[PDB]
Structures are given as structure tokens and as C-alpha cells.
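Residues per chain, in single letters:
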Amino acid sequence: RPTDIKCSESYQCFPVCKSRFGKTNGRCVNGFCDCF
């Protein structure tokens, strides 16, 4: 899902998502993290 976690780039999200939610990967949609 999309969040409100601000990001400039996708590789910023990926580890945050893996850490926090335990998701497989993350990607920066419209400057906000989308984890999946």
C-alpha cells in the first residue's frame, strides 16, 4: 500500500519497508513510499 512516508527515491523506501512492514520491495510514488 501507499503511505505518507516521504521519499525522494525508491531505494530509500525499500529497506524501510523491509524493516518496518516486512515487505519485499518499495517504490516512491509521487514522493511517498509504496510498499509491496
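The header of this PDB entry states its title as "Solution structure of HERG-specific scorpion toxin BeKm-1". Word for word, the UniProt comment on the protein chain under Subcellular location is "Secreted". Comment text from UniProt for the protein chain, heading Sequence similarities, reads "Belongs to the short scorpion toxin superfamily. Potassium channel inhibitor family. Gamma-KTx 2 subfamily."

### Some details on the environment of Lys6
Inspection of the secondary structure puts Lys6 in strand β1 (residues 2-6). For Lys6, a relative accessible area of 69% puts it in the exposed group. Note: C-alpha distance between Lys6 and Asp34 (28 residues apart in sequence) is 10 Å. Contacts of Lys6, omitting those with residues within four sequence positions, involve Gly31 and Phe32.

Rules of the game
Residues numbered from 1 in each chain as written, not as in the entry; some residues may be left out. Heavy atoms only, no water. UniProt positions renumbered as here; feature names shortened; annotations may be inferred. Helix = DSSP H or I, 4+ residues; strand = E, 2+ residues; numbered from the N terminus. Buried < 20%, exposed > 50% of the residue type's maximum accessible area, 1.4 Å probe, protein only. Contact = heavy atoms within 4.5 Å.

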